[PDB]
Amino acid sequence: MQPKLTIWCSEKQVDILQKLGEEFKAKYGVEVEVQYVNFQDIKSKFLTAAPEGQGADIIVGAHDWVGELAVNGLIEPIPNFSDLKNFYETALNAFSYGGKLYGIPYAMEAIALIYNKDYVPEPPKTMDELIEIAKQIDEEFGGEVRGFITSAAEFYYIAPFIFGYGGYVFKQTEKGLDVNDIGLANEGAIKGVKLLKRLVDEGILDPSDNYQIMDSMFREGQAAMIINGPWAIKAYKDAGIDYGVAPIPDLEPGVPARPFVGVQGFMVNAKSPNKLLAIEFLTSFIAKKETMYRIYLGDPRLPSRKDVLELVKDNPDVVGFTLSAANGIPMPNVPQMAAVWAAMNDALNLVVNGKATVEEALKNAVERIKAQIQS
């Protein structure tokens, strides 16, 4: 009886993984099934389905998930394999927790300014310049082209402002992250969210702006500038957008934006009876140079396998996202990160909708995060 491996991944990886799965099946007789799952639903679906025996054998996603999934016993440690040396240790360590490796990373990433050269031939260097250019576009195009869009109420996309001014999630200490020292309502976080509020107040961002609006308007030629990541670029290129990638404009003189840095990788379901075969598929096939490069070609981010990064290092998009990531802060992978996102999203929703001051919204967010961490 032929065995089967099921993979959950976002829309970005479906095509390339489908093709690789067909190749693995032709060679070995192992059925491979690639199932699209909305990215923000992968982890929550896996938390629900994995204990019920209904989780995918392999999930694809971000390294911040690792600590929560590892301590809950839901993802399987990956034993050493011959290709392990070929991956950057920073990428492997992002997928490591409690001394063990829990995923095969394929790329790192960070959001950046993505701009349509038809409207913005040369990218702004400061946020003050970006604000002026966006206002000009909003006026000159009578509302048919948005000057600037990002996901206004989503913490992941506002983090570059929060961190640029000195906010932080958990305090970085010489003994690791201090989950009892949260910096998402310090004066830097407040100044960064006050910049978000300025963008809304000056009409550059609309209270309803979200990921789908940003992504779709940019892909359809209706947005001059966005803040988004390298996962979005292939769709823009196929749609015919003449885009560029640049670091997010400095928040003010001498204060660069500092985005989250994320690592994307393949994790194995520890509850799956196929976990040994899933590991074999990842280490013997997915981890290889050609396969990792084919994944890049299908889903272009910043490759984690060193010899693949060398192939792409001169691509202007790779150069642009690397410049943005150079100022960035890696997302924590500790289990306590699960308590962070929803509280911060809720606080930013209140701010962009004029429902609370920045200081009150962030203060309440941190009390919510702390209470959840403490149990």
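Each residue number is its position in the shown sequence, starting from 1.
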Please work out which of 205 to 213 and 142 to 150 has the higher mean CA B-factor as recorded in the PDB entry. 142 to 150
Test of understanding: from the entry's C-alpha B-factors, which stretch has the higher mean, 127 to 135 or 292 to 300? 127 to 135
Of the residues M108, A224, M267, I190, the one carrying the largest Cα B-factor as recorded: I190
One of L177, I279, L74, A159 has the largest Cα B-factor in the entry, namely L177
Just say lowest, middle or highest third for the CA B-factor of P332 relative to the other modelled residues in its chain. middle
When the modelled residues of the chain are sorted by Cα temperature factor, does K19 land in the lowest, middle or highest third? middle
Divide the modelled residues of the chain into thirds by Cα B-factor and specify which third, lowest, middle or highest, holds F170. highest
Relative to the other modelled residues of the same chain, rank the CA B-factor of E89 and answer lowest, middle or highest third. lowest
Tertile call for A239 (CA temperature factor, within chain, third-based) is the middle
